[PDB]
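Source file my_file05.cif; content: mmCIF, N, CA, C and O atoms.
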```cif
data_protein
loop_
_atom_site.group_PDB
_atom_site.id
_atom_site.type_symbol
_atom_site.label_atom_id
_atom_site.label_comp_id
_atom_site.auth_asym_id
_atom_site.auth_seq_id
_atom_site.Cartn_x
_atom_site.Cartn_y
_atom_site.Cartn_z
ATOM 1 N N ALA A 1 -46.341 53.365 86.490
ATOM 2 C CA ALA A 1 -45.732 54.326 87.441
ATOM 3 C C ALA A 1 -46.091 55.772 87.079
ATOM 4 O O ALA A 1 -46.328 56.087 85.909
ATOM 5 N N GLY A 2 -46.132 56.655 88.084
ATOM 6 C CA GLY A 2 -46.590 58.048 87.976
ATOM 7 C C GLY A 2 -48.118 58.172 87.873
ATOM 8 O O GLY A 2 -48.807 57.249 87.428
ATOM 9 N N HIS A 3 -48.662 59.325 88.281
ATOM 10 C CA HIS A 3 -50.097 59.628 88.142
ATOM 11 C C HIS A 3 -50.419 60.057 86.703
ATOM 12 O O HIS A 3 -49.617 60.734 86.054
ATOM 13 N N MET A 4 -51.597 59.674 86.207
ATOM 14 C CA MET A 4 -52.085 60.079 84.882
ATOM 15 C C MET A 4 -52.549 61.552 84.847
ATOM 16 O O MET A 4 -52.806 62.145 85.901
ATOM 17 N N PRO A 5 -52.687 62.146 83.644
ATOM 18 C CA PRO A 5 -53.213 63.497 83.436
ATOM 19 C C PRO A 5 -54.728 63.584 83.716
ATOM 20 O O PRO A 5 -55.557 63.560 82.804
ATOM 21 N N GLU A 6 -55.102 63.666 84.997
ATOM 22 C CA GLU A 6 -56.492 63.863 85.440
ATOM 23 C C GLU A 6 -56.998 65.296 85.149
ATOM 24 O O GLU A 6 -56.219 66.163 84.741
ATOM 25 N N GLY A 7 -58.286 65.568 85.410
ATOM 26 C CA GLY A 7 -58.920 66.874 85.187
ATOM 27 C C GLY A 7 -59.726 67.407 86.370
ATOM 28 O O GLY A 7 -60.644 66.745 86.860
ATOM 29 N N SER A 8 -59.375 68.619 86.818
ATOM 30 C CA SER A 8 -59.990 69.317 87.962
ATOM 31 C C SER A 8 -59.905 70.860 87.870
ATOM 32 O O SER A 8 -60.039 71.562 88.877
ATOM 33 N N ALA A 9 -59.665 71.401 86.668
ATOM 34 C CA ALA A 9 -59.480 72.831 86.379
ATOM 35 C C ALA A 9 -60.489 73.353 85.326
ATOM 36 O O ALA A 9 -61.457 72.666 84.980
ATOM 37 N N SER A 10 -60.283 74.581 84.838
ATOM 38 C CA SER A 10 -61.052 75.235 83.761
ATOM 39 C C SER A 10 -60.958 74.482 82.416
ATOM 40 O O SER A 10 -60.241 73.489 82.297
ATOM 41 N N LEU A 11 -61.668 74.953 81.382
ATOM 42 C CA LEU A 11 -61.654 74.355 80.037
ATOM 43 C C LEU A 11 -60.281 74.501 79.362
ATOM 44 O O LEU A 11 -59.553 73.519 79.249
ATOM 45 N N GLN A 12 -59.923 75.706 78.910
ATOM 46 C CA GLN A 12 -58.622 75.997 78.290
ATOM 47 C C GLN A 12 -57.447 75.600 79.196
ATOM 48 O O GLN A 12 -57.478 75.807 80.414
ATOM 49 N N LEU A 13 -56.396 75.048 78.584
ATOM 50 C CA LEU A 13 -55.154 74.694 79.268
ATOM 51 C C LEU A 13 -54.456 75.945 79.841
ATOM 52 O O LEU A 13 -54.520 77.031 79.258
ATOM 53 N N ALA A 14 -53.753 75.775 80.961
ATOM 54 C CA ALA A 14 -52.995 76.814 81.656
ATOM 55 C C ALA A 14 -51.551 76.367 81.968
ATOM 56 O O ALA A 14 -51.135 75.248 81.653
ATOM 57 N N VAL A 15 -50.758 77.246 82.581
ATOM 58 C CA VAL A 15 -49.396 76.920 83.035
ATOM 59 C C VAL A 15 -49.439 75.891 84.174
ATOM 60 O O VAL A 15 -50.217 76.027 85.120
ATOM 61 N N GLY A 16 -48.605 74.851 84.079
ATOM 62 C CA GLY A 16 -48.522 73.752 85.053
ATOM 63 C C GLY A 16 -49.514 72.608 84.819
ATOM 64 O O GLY A 16 -49.520 71.638 85.578
ATOM 65 N N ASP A 17 -50.349 72.703 83.782
ATOM 66 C CA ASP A 17 -51.276 71.651 83.369
ATOM 67 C C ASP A 17 -50.545 70.390 82.851
ATOM 68 O O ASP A 17 -49.321 70.381 82.655
ATOM 69 N N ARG A 18 -51.297 69.311 82.617
ATOM 70 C CA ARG A 18 -50.796 68.003 82.196
ATOM 71 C C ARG A 18 -51.122 67.729 80.733
ATOM 72 O O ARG A 18 -52.184 68.097 80.234
ATOM 73 N N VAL A 19 -50.202 67.055 80.049
ATOM 74 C CA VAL A 19 -50.311 66.765 78.614
ATOM 75 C C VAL A 19 -49.848 65.341 78.340
ATOM 76 O O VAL A 19 -48.932 64.830 78.988
ATOM 77 N N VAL A 20 -50.496 64.688 77.384
ATOM 78 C CA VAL A 20 -50.145 63.349 76.910
ATOM 79 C C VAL A 20 -50.227 63.313 75.390
ATOM 80 O O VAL A 20 -51.090 63.939 74.775
ATOM 81 N N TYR A 21 -49.280 62.617 74.779
ATOM 82 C CA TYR A 21 -49.217 62.394 73.341
ATOM 83 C C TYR A 21 -49.923 61.083 72.951
ATOM 84 O O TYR A 21 -50.075 60.187 73.788
ATOM 85 N N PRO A 22 -50.290 60.907 71.668
ATOM 86 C CA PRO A 22 -50.922 59.678 71.184
ATOM 87 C C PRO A 22 -49.983 58.449 71.201
ATOM 88 O O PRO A 22 -50.459 57.318 71.091
ATOM 89 N N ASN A 23 -48.666 58.656 71.361
ATOM 90 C CA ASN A 23 -47.630 57.614 71.458
ATOM 91 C C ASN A 23 -46.420 57.996 72.347
ATOM 92 O O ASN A 23 -45.930 57.156 73.103
ATOM 93 N N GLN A 24 -45.931 59.244 72.261
ATOM 94 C CA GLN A 24 -44.702 59.759 72.908
ATOM 95 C C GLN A 24 -44.633 59.499 74.428
ATOM 96 O O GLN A 24 -43.587 59.096 74.945
ATOM 97 N N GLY A 25 -45.741 59.735 75.138
ATOM 98 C CA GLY A 25 -45.880 59.593 76.591
ATOM 99 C C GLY A 25 -46.552 60.815 77.219
ATOM 100 O O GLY A 25 -47.377 61.465 76.576
ATOM 101 N N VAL A 26 -46.218 61.118 78.474
ATOM 102 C CA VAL A 26 -46.771 62.238 79.262
ATOM 103 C C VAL A 26 -45.698 63.302 79.528
ATOM 104 O O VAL A 26 -44.526 62.966 79.701
ATOM 105 N N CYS A 27 -46.093 64.577 79.582
ATOM 106 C CA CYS A 27 -45.245 65.730 79.926
ATOM 107 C C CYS A 27 -45.996 66.694 80.881
ATOM 108 O O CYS A 27 -47.151 66.456 81.250
ATOM 109 N N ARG A 28 -45.349 67.795 81.292
ATOM 110 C CA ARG A 28 -45.898 68.812 82.212
ATOM 111 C C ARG A 28 -45.588 70.223 81.713
ATOM 112 O O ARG A 28 -44.449 70.514 81.351
ATOM 113 N N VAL A 29 -46.595 71.091 81.631
ATOM 114 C CA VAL A 29 -46.449 72.457 81.082
ATOM 115 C C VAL A 29 -45.593 73.324 82.014
ATOM 116 O O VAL A 29 -45.737 73.257 83.236
ATOM 117 N N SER A 30 -44.706 74.145 81.441
ATOM 118 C CA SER A 30 -43.795 75.035 82.182
ATOM 119 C C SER A 30 -44.038 76.515 81.874
ATOM 120 O O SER A 30 -44.114 77.328 82.796
ATOM 121 N N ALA A 31 -44.194 76.869 80.595
ATOM 122 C CA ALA A 31 -44.525 78.221 80.144
ATOM 123 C C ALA A 31 -45.290 78.187 78.810
ATOM 124 O O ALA A 31 -45.257 77.192 78.089
ATOM 125 N N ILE A 32 -45.992 79.267 78.471
ATOM 126 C CA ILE A 32 -46.777 79.400 77.234
ATOM 127 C C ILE A 32 -46.632 80.834 76.714
ATOM 128 O O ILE A 32 -46.725 81.784 77.494
ATOM 129 N N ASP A 33 -46.418 81.003 75.407
ATOM 130 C CA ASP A 33 -46.360 82.320 74.760
ATOM 131 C C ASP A 33 -46.875 82.264 73.308
ATOM 132 O O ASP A 33 -47.092 81.183 72.762
ATOM 133 N N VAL A 34 -47.080 83.411 72.658
ATOM 134 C CA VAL A 34 -47.503 83.487 71.245
ATOM 135 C C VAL A 34 -46.355 84.007 70.376
ATOM 136 O O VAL A 34 -45.623 84.914 70.782
ATOM 137 N N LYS A 35 -46.182 83.447 69.175
ATOM 138 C CA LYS A 35 -45.165 83.893 68.206
ATOM 139 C C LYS A 35 -45.578 83.601 66.770
ATOM 140 O O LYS A 35 -46.542 82.877 66.538
ATOM 141 N N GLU A 36 -44.835 84.156 65.817
ATOM 142 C CA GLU A 36 -44.992 83.922 64.380
ATOM 143 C C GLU A 36 -43.916 82.940 63.893
ATOM 144 O O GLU A 36 -42.720 83.227 63.985
ATOM 145 N N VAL A 37 -44.328 81.763 63.416
ATOM 146 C CA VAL A 37 -43.434 80.751 62.812
ATOM 147 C C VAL A 37 -43.930 80.400 61.413
ATOM 148 O O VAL A 37 -45.136 80.297 61.200
ATOM 149 N N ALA A 38 -43.022 80.238 60.444
ATOM 150 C CA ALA A 38 -43.340 79.914 59.044
ATOM 151 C C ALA A 38 -44.452 80.800 58.407
ATOM 152 O O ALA A 38 -45.183 80.354 57.519
ATOM 153 N N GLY A 39 -44.592 82.054 58.864
ATOM 154 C CA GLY A 39 -45.639 82.995 58.439
ATOM 155 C C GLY A 39 -47.001 82.827 59.136
ATOM 156 O O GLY A 39 -48.027 83.185 58.554
ATOM 157 N N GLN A 40 -47.042 82.269 60.354
ATOM 158 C CA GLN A 40 -48.258 81.904 61.092
ATOM 159 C C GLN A 40 -48.139 82.266 62.580
ATOM 160 O O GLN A 40 -47.306 81.704 63.295
ATOM 161 N N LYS A 41 -48.974 83.203 63.047
ATOM 162 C CA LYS A 41 -49.019 83.661 64.444
ATOM 163 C C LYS A 41 -50.083 82.919 65.249
ATOM 164 O O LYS A 41 -51.266 82.997 64.912
ATOM 165 N N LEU A 42 -49.674 82.190 66.291
ATOM 166 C CA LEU A 42 -50.592 81.464 67.179
ATOM 167 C C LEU A 42 -49.972 81.232 68.576
ATOM 168 O O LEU A 42 -48.790 81.510 68.793
ATOM 169 N N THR A 43 -50.763 80.737 69.531
ATOM 170 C CA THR A 43 -50.300 80.375 70.885
ATOM 171 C C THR A 43 -49.500 79.071 70.868
ATOM 172 O O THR A 43 -50.045 78.009 70.583
ATOM 173 N N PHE A 44 -48.217 79.117 71.221
ATOM 174 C CA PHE A 44 -47.331 77.955 71.289
ATOM 175 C C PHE A 44 -46.994 77.632 72.747
ATOM 176 O O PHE A 44 -46.346 78.400 73.463
ATOM 177 N N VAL A 45 -47.476 76.480 73.205
ATOM 178 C CA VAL A 45 -47.255 75.998 74.572
ATOM 179 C C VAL A 45 -45.878 75.352 74.710
ATOM 180 O O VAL A 45 -45.414 74.712 73.773
ATOM 181 N N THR A 46 -45.225 75.483 75.865
ATOM 182 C CA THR A 46 -43.903 74.891 76.125
ATOM 183 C C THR A 46 -43.923 74.041 77.395
ATOM 184 O O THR A 46 -44.052 74.538 78.519
ATOM 185 N N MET A 47 -43.817 72.728 77.215
ATOM 186 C CA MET A 47 -43.845 71.725 78.277
ATOM 187 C C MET A 47 -42.458 71.107 78.452
ATOM 188 O O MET A 47 -41.673 71.034 77.505
ATOM 189 N N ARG A 48 -42.141 70.662 79.669
ATOM 190 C CA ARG A 48 -40.831 70.110 80.043
ATOM 191 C C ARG A 48 -41.024 68.858 80.887
ATOM 192 O O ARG A 48 -41.520 68.935 82.012
ATOM 193 N N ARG A 49 -40.692 67.692 80.330
ATOM 194 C CA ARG A 49 -40.784 66.419 81.046
ATOM 195 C C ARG A 49 -39.612 66.297 82.023
ATOM 196 O O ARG A 49 -38.483 66.021 81.625
ATOM 197 N N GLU A 50 -39.899 66.398 83.315
ATOM 198 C CA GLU A 50 -38.920 66.224 84.403
ATOM 199 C C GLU A 50 -38.429 64.770 84.573
ATOM 200 O O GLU A 50 -37.415 64.529 85.231
ATOM 201 N N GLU A 51 -39.115 63.804 83.951
ATOM 202 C CA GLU A 51 -38.778 62.371 83.962
ATOM 203 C C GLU A 51 -37.385 62.081 83.361
ATOM 204 O O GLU A 51 -36.646 61.239 83.875
ATOM 205 N N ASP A 52 -37.027 62.786 82.278
ATOM 206 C CA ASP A 52 -35.734 62.688 81.572
ATOM 207 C C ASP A 52 -35.036 64.050 81.349
ATOM 208 O O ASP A 52 -33.827 64.100 81.114
ATOM 209 N N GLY A 53 -35.774 65.165 81.437
ATOM 210 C CA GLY A 53 -35.283 66.532 81.210
ATOM 211 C C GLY A 53 -35.485 67.059 79.781
ATOM 212 O O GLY A 53 -34.852 68.046 79.399
ATOM 213 N N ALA A 54 -36.335 66.409 78.977
ATOM 214 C CA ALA A 54 -36.700 66.852 77.628
ATOM 215 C C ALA A 54 -37.737 67.991 77.645
ATOM 216 O O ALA A 54 -38.436 68.208 78.638
ATOM 217 N N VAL A 55 -37.885 68.679 76.511
ATOM 218 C CA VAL A 55 -38.882 69.735 76.288
ATOM 219 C C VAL A 55 -39.663 69.475 75.002
ATOM 220 O O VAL A 55 -39.104 69.014 74.005
ATOM 221 N N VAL A 56 -40.963 69.769 75.026
ATOM 222 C CA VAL A 56 -41.878 69.638 73.887
ATOM 223 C C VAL A 56 -42.689 70.929 73.758
ATOM 224 O O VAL A 56 -43.179 71.469 74.749
ATOM 225 N N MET A 57 -42.804 71.454 72.541
ATOM 226 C CA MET A 57 -43.592 72.647 72.230
ATOM 227 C C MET A 57 -44.504 72.346 71.051
ATOM 228 O O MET A 57 -44.034 71.871 70.015
ATOM 229 N N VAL A 58 -45.804 72.605 71.217
ATOM 230 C CA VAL A 58 -46.826 72.416 70.177
ATOM 231 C C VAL A 58 -47.763 73.631 70.075
ATOM 232 O O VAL A 58 -47.906 74.406 71.023
ATOM 233 N N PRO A 59 -48.408 73.827 68.920
ATOM 234 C CA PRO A 59 -49.383 74.894 68.711
ATOM 235 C C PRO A 59 -50.756 74.637 69.348
ATOM 236 O O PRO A 59 -51.483 73.757 68.901
ATOM 237 N N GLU A 60 -51.191 75.451 70.312
ATOM 238 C CA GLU A 60 -52.518 75.312 70.950
ATOM 239 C C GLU A 60 -53.701 75.523 69.989
ATOM 240 O O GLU A 60 -54.723 74.851 70.105
ATOM 241 N N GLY A 61 -53.563 76.428 69.014
ATOM 242 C CA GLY A 61 -54.576 76.686 67.976
ATOM 243 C C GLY A 61 -54.400 75.871 66.694
ATOM 244 O O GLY A 61 -55.112 76.105 65.716
ATOM 245 N N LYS A 62 -53.456 74.920 66.686
ATOM 246 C CA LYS A 62 -53.128 74.057 65.538
ATOM 247 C C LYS A 62 -52.918 72.588 65.912
ATOM 248 O O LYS A 62 -52.630 71.780 65.034
ATOM 249 N N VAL A 63 -53.124 72.214 67.182
ATOM 250 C CA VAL A 63 -53.060 70.832 67.691
ATOM 251 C C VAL A 63 -53.880 69.841 66.863
ATOM 252 O O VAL A 63 -53.510 68.673 66.755
ATOM 253 N N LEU A 64 -54.951 70.322 66.225
ATOM 254 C CA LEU A 64 -55.823 69.565 65.327
ATOM 255 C C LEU A 64 -55.043 68.922 64.156
ATOM 256 O O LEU A 64 -55.424 67.856 63.671
ATOM 257 N N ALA A 65 -53.940 69.549 63.725
ATOM 258 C CA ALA A 65 -53.029 69.063 62.688
ATOM 259 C C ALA A 65 -52.099 67.937 63.198
ATOM 260 O O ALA A 65 -51.995 66.884 62.566
ATOM 261 N N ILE A 66 -51.432 68.146 64.345
ATOM 262 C CA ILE A 66 -50.545 67.152 64.991
ATOM 263 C C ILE A 66 -51.330 65.921 65.482
ATOM 264 O O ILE A 66 -50.814 64.803 65.470
ATOM 265 N N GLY A 67 -52.583 66.118 65.905
ATOM 266 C CA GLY A 67 -53.454 65.092 66.488
ATOM 267 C C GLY A 67 -53.261 64.889 67.998
ATOM 268 O O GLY A 67 -53.873 63.992 68.582
ATOM 269 N N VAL A 68 -52.413 65.701 68.641
ATOM 270 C CA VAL A 68 -52.188 65.702 70.096
ATOM 271 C C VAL A 68 -53.286 66.485 70.819
ATOM 272 O O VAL A 68 -53.623 67.595 70.419
ATOM 273 N N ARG A 69 -53.855 65.932 71.893
ATOM 274 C CA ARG A 69 -54.842 66.623 72.737
ATOM 275 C C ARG A 69 -54.191 66.932 74.079
ATOM 276 O O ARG A 69 -53.930 66.043 74.885
ATOM 277 N N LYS A 70 -53.926 68.218 74.312
ATOM 278 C CA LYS A 70 -53.360 68.722 75.565
ATOM 279 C C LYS A 70 -54.302 69.762 76.163
ATOM 280 O O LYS A 70 -54.357 70.900 75.708
ATOM 281 N N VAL A 71 -55.000 69.390 77.230
ATOM 282 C CA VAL A 71 -55.974 70.239 77.934
ATOM 283 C C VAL A 71 -56.108 69.759 79.385
ATOM 284 O O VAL A 71 -55.725 68.630 79.700
ATOM 285 N N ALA A 72 -56.711 70.574 80.257
ATOM 286 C CA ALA A 72 -57.009 70.218 81.647
ATOM 287 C C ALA A 72 -57.767 68.888 81.794
ATOM 288 O O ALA A 72 -57.608 68.220 82.808
ATOM 289 N N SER A 73 -58.558 68.487 80.792
ATOM 290 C CA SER A 73 -59.278 67.203 80.764
ATOM 291 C C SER A 73 -58.902 66.322 79.560
ATOM 292 O O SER A 73 -58.725 65.112 79.713
ATOM 293 N N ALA A 74 -58.757 66.909 78.361
ATOM 294 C CA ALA A 74 -58.412 66.189 77.131
ATOM 295 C C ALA A 74 -57.005 65.551 77.170
ATOM 296 O O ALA A 74 -56.008 66.206 77.489
ATOM 297 N N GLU A 75 -56.953 64.272 76.785
ATOM 298 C CA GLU A 75 -55.768 63.413 76.613
ATOM 299 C C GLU A 75 -55.577 62.998 75.138
ATOM 300 O O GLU A 75 -56.593 62.675 74.477
#
```
Would you write the structure of this file as C-alpha cells?
Amino acid sequence: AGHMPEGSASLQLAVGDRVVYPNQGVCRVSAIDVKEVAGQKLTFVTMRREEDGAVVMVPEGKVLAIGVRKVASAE
C-alpha cells in the first residue's frame, strides 16, 4: 500500500521530497535547516510521516554514518 519514493527532480534533496530507511519504512520531508549539535554544524533535514504522525530528523552531510539514503532518487 502507498506509492514508493520515485525520482523526477534535481540531484540534492529538497522540501517535500521522499525518504526511506534501510528498515524503519518511508517518510515525507516537511522542513530543512542547519544547526550545531554535539559541536558539529551541518544541514539537518526534518521529515514527518503522515501515516502515524511521527517525525524523523537526520544529518544530510552525515547520512553516510547512519547508512540512510534520502534523496530525490536515492533510497
Contacts of region 16-21 of chain A within 5 Å, only N, CA, C and O atoms, excl. fewer than 6 positions in-chain, as a JSON list (two decimals) with N, CA, C and O atoms, in the coordinates of the input:
```json
[["chain", "number", "residue", "atom", "x", "y", "z"],
["A", 27, "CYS", "N", -46.09, 64.58, 79.58],
["A", 27, "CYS", "CA", -45.24, 65.73, 79.93],
["A", 27, "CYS", "C", -46.00, 66.69, 80.88],
["A", 27, "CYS", "O", -47.15, 66.46, 81.25],
["A", 28, "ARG", "N", -45.35, 67.80, 81.29],
["A", 28, "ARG", "CA", -45.90, 68.81, 82.21],
["A", 28, "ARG", "C", -45.59, 70.22, 81.71],
["A", 28, "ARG", "O", -44.45, 70.51, 81.35],
["A", 29, "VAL", "N", -46.60, 71.09, 81.63],
["A", 29, "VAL", "CA", -46.45, 72.46, 81.08],
["A", 29, "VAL", "C", -45.59, 73.32, 82.01],
["A", 29, "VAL", "O", -45.74, 73.26, 83.24],
["A", 30, "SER", "N", -44.71, 74.14, 81.44],
["A", 30, "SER", "CA", -43.80, 75.04, 82.18],
["A", 30, "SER", "C", -44.04, 76.52, 81.87],
["A", 30, "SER", "O", -44.11, 77.33, 82.80],
["A", 69, "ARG", "N", -53.86, 65.93, 71.89],
["A", 69, "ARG", "CA", -54.84, 66.62, 72.74],
["A", 69, "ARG", "C", -54.19, 66.93, 74.08],
["A", 69, "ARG", "O", -53.93, 66.04, 74.89],
["A", 70, "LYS", "N", -53.93, 68.22, 74.31],
["A", 70, "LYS", "CA", -53.36, 68.72, 75.56],
["A", 70, "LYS", "C", -54.30, 69.76, 76.16],
["A", 70, "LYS", "O", -54.36, 70.90, 75.71],
["A", 71, "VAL", "N", -55.00, 69.39, 77.23],
["A", 71, "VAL", "CA", -55.97, 70.24, 77.93],
["A", 71, "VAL", "C", -56.11, 69.76, 79.39],
["A", 71, "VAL", "O", -55.72, 68.63, 79.70],
["A", 75, "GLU", "N", -56.95, 64.27, 76.78],
["A", 75, "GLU", "CA", -55.77, 63.41, 76.61],
["A", 75, "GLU", "C", -55.58, 63.00, 75.14],
["A", 75, "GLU", "O", -56.59, 62.68, 74.48]]
```
- request: Name the residues of chain A that fall into alpha helix (DSSP H) according to DSSP on the backbone, using the chain letters and numbers of this document, as an MDAnalysis selection string.
  value: chainID A and resid 63:66
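For the choices A:58, A:34, A:72, A:65, the atom-to-atom distance to residue 14 (chain A) is smallest for A:72 when using only C-alpha atoms.
Compared by their closest atoms to residue 66 (chain A), and using all atoms listed in the file, the residues A:1, A:46, A:22, A:12 rank with A:22 nearest.
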query: In Å, how far is it from atom N of residue 7 (chain A) to atom N of residue 73 (chain A)?
result: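 Separation between atom N of residue 7 (chain A) and atom N of residue 73 (chain A): 5.5 Å.
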At a cut-off of 8 Å, using all atoms listed in the file, what residues contact residue 44 (chain A)? Leave out same-chain residues fewer than 5 positions from it and give the result as a PDB file with N, CA, C and O atoms, in the coordinates of the input.
```
ATOM      1  N   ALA A  31     -44.194  76.869  80.595  1.00  0.00           N
ATOM      2  CA  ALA A  31     -44.525  78.221  80.144  1.00  0.00           C
ATOM      3  C   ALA A  31     -45.290  78.187  78.810  1.00  0.00           C
ATOM      4  O   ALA A  31     -45.257  77.192  78.089  1.00  0.00           O
ATOM      5  N   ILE A  32     -45.992  79.267  78.471  1.00  0.00           N
ATOM      6  CA  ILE A  32     -46.777  79.400  77.234  1.00  0.00           C
ATOM      7  C   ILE A  32     -46.632  80.834  76.714  1.00  0.00           C
ATOM      8  O   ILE A  32     -46.725  81.784  77.494  1.00  0.00           O
ATOM      9  N   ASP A  33     -46.418  81.003  75.407  1.00  0.00           N
ATOM     10  CA  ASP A  33     -46.360  82.320  74.760  1.00  0.00           C
ATOM     11  C   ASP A  33     -46.875  82.264  73.308  1.00  0.00           C
ATOM     12  O   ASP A  33     -47.092  81.183  72.762  1.00  0.00           O
ATOM     13  N   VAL A  34     -47.080  83.411  72.658  1.00  0.00           N
ATOM     14  CA  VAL A  34     -47.503  83.487  71.245  1.00  0.00           C
ATOM     15  C   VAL A  34     -46.355  84.007  70.376  1.00  0.00           C
ATOM     16  O   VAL A  34     -45.623  84.914  70.782  1.00  0.00           O
ATOM     17  N   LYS A  35     -46.182  83.447  69.175  1.00  0.00           N
ATOM     18  CA  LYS A  35     -45.165  83.893  68.206  1.00  0.00           C
ATOM     19  C   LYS A  35     -45.578  83.601  66.770  1.00  0.00           C
ATOM     20  O   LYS A  35     -46.542  82.877  66.538  1.00  0.00           O
ATOM     21  N   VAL A  56     -40.963  69.769  75.026  1.00  0.00           N
ATOM     22  CA  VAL A  56     -41.878  69.638  73.887  1.00  0.00           C
ATOM     23  C   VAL A  56     -42.689  70.929  73.758  1.00  0.00           C
ATOM     24  O   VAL A  56     -43.179  71.469  74.749  1.00  0.00           O
ATOM     25  N   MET A  57     -42.804  71.454  72.541  1.00  0.00           N
ATOM     26  CA  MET A  57     -43.592  72.647  72.230  1.00  0.00           C
ATOM     27  C   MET A  57     -44.504  72.346  71.051  1.00  0.00           C
ATOM     28  O   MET A  57     -44.034  71.871  70.015  1.00  0.00           O
ATOM     29  N   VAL A  58     -45.804  72.605  71.217  1.00  0.00           N
ATOM     30  CA  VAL A  58     -46.826  72.416  70.177  1.00  0.00           C
ATOM     31  C   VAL A  58     -47.763  73.631  70.075  1.00  0.00           C
ATOM     32  O   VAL A  58     -47.906  74.406  71.023  1.00  0.00           O
ATOM     33  N   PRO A  59     -48.408  73.827  68.920  1.00  0.00           N
ATOM     34  CA  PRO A  59     -49.383  74.894  68.711  1.00  0.00           C
ATOM     35  C   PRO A  59     -50.756  74.637  69.348  1.00  0.00           C
ATOM     36  O   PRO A  59     -51.483  73.757  68.901  1.00  0.00           O
ATOM     37  N   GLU A  60     -51.191  75.451  70.312  1.00  0.00           N
ATOM     38  CA  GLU A  60     -52.518  75.312  70.950  1.00  0.00           C
ATOM     39  C   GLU A  60     -53.701  75.523  69.989  1.00  0.00           C
ATOM     40  O   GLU A  60     -54.723  74.851  70.105  1.00  0.00           O
ATOM     41  N   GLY A  61     -53.563  76.428  69.014  1.00  0.00           N
ATOM     42  CA  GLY A  61     -54.576  76.686  67.976  1.00  0.00           C
ATOM     43  C   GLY A  61     -54.400  75.871  66.694  1.00  0.00           C
ATOM     44  O   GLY A  61     -55.112  76.105  65.716  1.00  0.00           O
TER      45      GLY A  61
END
```
task: Identify the residues around (-36.0, 59.1, 80.1) within a radius of 12 Å, measuring from only C-alpha atoms in the coordinates stated by the file, and give them as a list in words.
output: residues 24, 25, 26, 27, 49, 50, 51, 52, 53, 54 and 55 of chain A
- prompt: In Å to one decimal, how far is CA of residue 63 (chain A) from CA of residue 13 (chain A)?
  reply: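 Atom-to-atom, CA of residue 13 (chain A) and CA of residue 63 (chain A) are spaced 12.4 Å apart.
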field: Interatomic distance (Å, one decimal) between atom C of residue 37 (chain A) and atom N of residue 10 (chain A)
entry: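 Computed distance, atom C of residue 37 (chain A) to atom N of residue 10 (chain A), equals 29.2 Å.
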message: So that I can check the secondary structure, give me every residue of chain A assigned strand (DSSP E or B) by backbone DSSP, as a VMD selection string.
response: chain A and resid 18 to 20 26 to 37 40 to 49 54 to 59
